[PDB]
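Novice: Just the structure for this:
(one chain, ligands or ions: 1)
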Amino acid sequence: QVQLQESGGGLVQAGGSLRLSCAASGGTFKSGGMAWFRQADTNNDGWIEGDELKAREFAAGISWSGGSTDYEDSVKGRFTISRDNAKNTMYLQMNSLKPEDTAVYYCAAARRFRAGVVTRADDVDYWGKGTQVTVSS
Ligand SMILES: [Tb+3]
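Specialist: Numbers count the residues shown, from 1 in each chain. The relevant structure is shown in the block below.
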């Protein structure tokens, strides 16, 4: 019954910014954390193609209180995660967007995660369907 609904993806010029949101419904979030994952460019060519649409990598994560965060190294100083516990919503502020930030971004919930910031896709219970971030040069 838990549902995660992302918004905020769009078409933006490189160097621009987007703010993603994830609204959680269908349960209580008083534990664990949530995270943003994105499609993984598993063959390291600079593009998502073929079956990489199903691959996932961690971007940013936050404990349920907002008290703890972590980030993939290559988004540090550019992206900021935050959460409004009273509204059960999580945000990703994406500044200084780069072309290779282009991907679907997925909201992920891990209410039972004991170290606050979930980083592995297998530890996630619930996934949103994503929002597509498209960065143009
Ligand atoms: Tb690729």
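
Novice: Figure out the length between the terminal residues of stretch 125-137.
Specialist: End-to-end distance of stretch 125-137 (Cα to Cα, to the nearest Å): 36 Å.

Novice: Okay, and the beta partners of the most centrally placed residue in the chain?
Specialist: For the chain, residue 36 is the residue whose C-alpha lies nearest the centre (Cα atoms, centre = their mean; 1.6 Å). With DSSP bridges as the criterion, residue 36 is bridged to residue 60, residue 107.

Novice: Next up, the contacts around it.
Specialist: 20, 22, 59-61, 81, 90, 92, 105-108 (Cβ atoms under 8 Å, 6 or more residues apart in numbering). C-beta coordinates here come from the backbone N, C-alpha and C atoms, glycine included.

Novice: one more time with 7 Å, if that's ok
Specialist: Contacts for residue 36 were tallied using Cβ atoms under 7 Å, 6 or more residues apart in numbering; they are 20, 59-60, 81, 92, 105, 107.

Novice: Check residue 62 too.
Specialist: When contacts are counted by Cβ under 7 Å, 6+ apart, residue 62 is found next to 33-34, 68-69, 81-83, 90, 117.

Novice: Produce a ChimeraX select command limited to the buried residues of these.
Specialist: To isolate the buried ones among the contacts of residue 62 in ChimeraX, judged by 16 or more other Cβ atoms under 10 Å, type:
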select :33,34,69,81,83,90,117
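
Novice: Looking at the contacts of residue 62, which are in strands?
Specialist: Those of the contacts of residue 62 mapping onto strands are 33-34, 69, 81-83, 90, per DSSP state E.

Novice: Residue 21 and residue 29, how far apart?
Specialist: Per Cβ to Cβ, to the nearest Å, residue 21 is found 15 Å from residue 29.

Novice: whoops, I mixed them up, residue 45
Specialist: Applying Cβ to Cβ, the value for residue 45 to residue 29 is 37 Å.

Novice: got it, and residue 70?
Specialist: For residue 70, the distance to residue 29 - Cβ to Cβ - is 18 Å.

Novice: Also residue 122?
Specialist: 20 Å.

Novice: Which one's more surrounded, those two?
Specialist: Applying other Cβ atoms under 10 Å to residue 122 and residue 29 shows that residue 29 carries more neighbours, namely 18 against 6.
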